[PDB]
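Shown next are two forms of a single protein chain, provided one at a time as C-alpha cells under the names structure 1 and structure 2.
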Structure 1
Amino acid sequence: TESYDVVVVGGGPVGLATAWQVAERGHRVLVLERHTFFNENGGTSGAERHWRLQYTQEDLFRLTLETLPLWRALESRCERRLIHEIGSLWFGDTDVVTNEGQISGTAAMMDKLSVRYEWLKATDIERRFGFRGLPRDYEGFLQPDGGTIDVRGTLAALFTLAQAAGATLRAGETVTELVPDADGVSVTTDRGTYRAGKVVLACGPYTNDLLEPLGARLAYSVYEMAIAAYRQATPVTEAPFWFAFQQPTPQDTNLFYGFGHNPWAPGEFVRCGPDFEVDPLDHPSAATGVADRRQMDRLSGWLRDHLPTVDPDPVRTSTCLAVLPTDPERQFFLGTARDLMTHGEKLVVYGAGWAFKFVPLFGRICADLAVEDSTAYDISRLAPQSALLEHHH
C-alpha cells in the first residue's frame, strides 16, 4: 500500500490540472486513470472546445474573468497559445428560447455589460461565413472575443507539467472503492490499494459510483451527445464558432452548432453537432459510443443545405459525454463532500459542469481544497447538490 498526500481519481483535464497544481506545491500526488491518458471516451474528445464571453449568468462571467489569467500562465509555462479568438456567432430566430439561451436576451445582457458585438442580418451571415439558403428574417450577433480552445495541446501541457513536477501518473487502473476516515482515505483499485490524505474525484460522470457505497449521491445527469467531423471544402475568410437558434420541429429541437475553424491545425476538418433533446443515461455504462443515426442525418442534411463550405458527408461521427447539474439553475458541482458524509471533507469533488473552459481554475481550486481545506475563490454557488433528502446532522 503506497501513501500519497493526494490521490486524484481520473486523468482527464481536470484531474491533470489538479495533479499539476498539487505537485508543484510540493505534495505527493498520484493520478489514477482507468483507460489511457488522452483518451476520448469521457467528456473530453476532439480537438476543440468553445469559450464564449456572452452569458446571462453573472456566475459564468465572473468565472471567465478569473480563469483568463490562469490560462495565460499555463500558455506561458508550456510555450503554446491554447486559446484562439475566432469569434462566437449566434443567429437564427432571435426570440426562441433554448437550453443555450435566447439571442435577444443575451444581446441585452451584452448591452448592459458593455460586451462588444456586431449585429448581423441573414445577408451579412451568408456573405461573411458562407452560409446559404437562410430565411431572410434570420439575424444574430458575432461576439469577436469568442474563443476556441486547443484541447490536445492543453492535455499535453497538463500531462507534461504534472509529470515534470513529480506527480505519479498511472493509467489502465480503475478506482473501485474509497473509504474515508478521520486520518485519510483508503483507496482500492483493480490493481492495488493506496492511502491518501485526501482524494480528488475528477472522474467525469462516474462520481456517483464511488459515492454510493458511502451513502451519497449527487444531483447531476449524464448525456451521450453526438458529434461529427467534416472536411472543409472551401477555404474561408472567417469561420467562428456558430450556433443556429431555430423554432423546433415536431420531431426535434432543430438546433445545430459548429465549433468553428482550429487555428493551430492545417484547417482540413471542423466539427459540428446537433443540440437535440436527449434523455439522460441511467449510468455511463449505458453509453454506446455510436452517434445517433437520425441526428447525424439531420445535421448533415442541414449542413448540405446551409453551409456548403464543408463536405456534408461526415468523415467521422462519434459521441461525447456531458455531465451537468440536473437542476438548470446550477451550473457546476465543485466542493468537498463535507455536507454529504462523515469525513466528507477528505473527498474533494468536481462532479458536474460544461467546463473545459474553466479547467485551469477548477484544477487550482481542487488543489486548494485538497491541500488546505479552503480556496480564496468563492465557490458557494458551486456547492455539490445532493440527489437525496437531507437527514444528516
Structure 2
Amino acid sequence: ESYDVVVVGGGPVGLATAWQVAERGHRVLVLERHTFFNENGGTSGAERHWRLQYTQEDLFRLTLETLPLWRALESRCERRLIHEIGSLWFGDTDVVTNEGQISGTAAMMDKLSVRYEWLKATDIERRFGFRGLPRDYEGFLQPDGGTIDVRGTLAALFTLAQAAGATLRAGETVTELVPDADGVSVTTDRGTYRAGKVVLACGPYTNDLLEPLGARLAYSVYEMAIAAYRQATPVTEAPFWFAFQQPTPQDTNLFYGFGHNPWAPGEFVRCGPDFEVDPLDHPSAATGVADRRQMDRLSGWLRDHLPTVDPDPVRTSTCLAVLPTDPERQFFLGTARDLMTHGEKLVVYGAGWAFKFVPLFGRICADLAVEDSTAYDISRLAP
C-alpha cells in the first residue's frame, strides 16, 4: 500500500492534518498506536484553553488567523467548540513562564487593538473569588478567551476526516521511517507502506522515530497532574485563570484552572499545576497516576487562594505535556529539512501548548505535506 501522505499519530493534530489532506483530494493514511480518542497521550481530559493573547507577536498573529478556522470547523460539525468564558491572567507581571509574561502581553494587546480589563488584587478577589493574594498581584481579563470542548473537537475531526476519505487505522505502531529521494518508507508492527511525505504528530514519541535518522528535537516531557474539584460557593463569573508567580526552589509555582465546562453536567471545575519539573527520560516511564507532591501543592494553593472550590479533589488524572527545552521557543512545527537529508519529506509537529491551534496546525501540516510550503508565517517555529 502507498499513500500521498502517511500521518503518524491519531491525536488532534494528526486527525486535523488528515482531514485537510483528504479534503484537498489526496490519499492519506493515519496510523495510531492505541485507539483514537485515547487518554494516554497529550490529549487527555475534557477541556483546553482558547486565548487570543500571546507574548510573542508572531503567535498572537496566528491566534487571530486561527479564530476563523475554529468558526469554520464549528459550522462543519454544527457544534460550538469554543465557549467564551474569559481568559484571566494575574500575578507577578514580569515573570516569564511557558504561558508567557503578563506585562509583555498587555503591550501586545494594545498594539493589536485587542480588548481587555486591567485588574488589581482587590478586583481579582472581589469578582472572581480568590483570597490572600499578595497586594501587588495584578492582571487582566480578556473576554474573548475561553474553554475548548476537547472531546467534541476530536469527534468532529475524526468524522470529517473519514467522510473526506482518509484511512484511519488504530492499533498499529510505526517502528521506523526512512526518507529517500523518491518518498518515505514506513514500517509498522503490522506491515510496510510507501508515502510521498510523512507527517509526524506523535507527541512525546517523536524522538523515537527521529533518533535512528540522526536527529533529535530539544523538548522535554512532563507528566502533569490534573484534578477535578466540586464548586462549593455559587459562581459570579468563572473564567479560565492562570496564576503567574516566581518559581520556588522545588517547582515552577504556576497554577491554572477553568470555570465549569458549559457542556458538562454537575458543578465540577478542573485545575492543575503547570510545573516543568521531573521530566521523563521516556514517555514509557509515565505512571498514569497524579503525582502526590504536585497534588499536595495544588490542593494546598487552592485551599488558601480560591475558597470557591472544595480543596479535596473528586478525581485526579495525568496528561503528558511536551514543551521545548529552550524557554525562548514555544513550538516545533515545520519540516525536518535542516535536520537530515531528505528531511523535507518529513513534516513534524512536536512540542508546545497546541490544542488552541489544532485547526491551523492541521492546515499547515497539510500544506507542507502536499505542496512544499504554507502561506502562514511560521519561520520562527522551525525545528
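Here the rigid core means the biggest group of C-alpha atoms that line up within 1.5 Å when the two forms are laid on top of each other. FYI, numbering is relative to structure 1, first residue = 1.
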Q: State which of the options 166, 153, 197, 267 undergoes a Cα shift of 2 Å or more between structures 1 and 2, taking the core as fixed.
A: 267
**Q.** Exceeds or equals 2 Å, Cα of residue 254 between structures 1 and 2, core fit
**A.** yes
(Q) Using the rigid core as the reference frame, would you say residue 312 shifts its C-alpha by 2 Å or more between structures 1 and 2? (A) yes
Q) Any chance the CA of residue 184 moves 2 angstroms or more between structures 1 and 2, core superposed? A) no
Q. Residue 90: how far does its C-alpha move between structures 1 and 2, core aligned, in angstrom?
A. 3.2
Q) Can you give the C-alpha shift of residue 134 between structures 1 and 2 in Å, rounded to one decimal, after superposing the rigid core? A) 5.8
Q) Can you give the C-alpha shift of residue 63 between structures 1 and 2 in Å, rounded to one decimal, after superposing the rigid core? A) 1.6
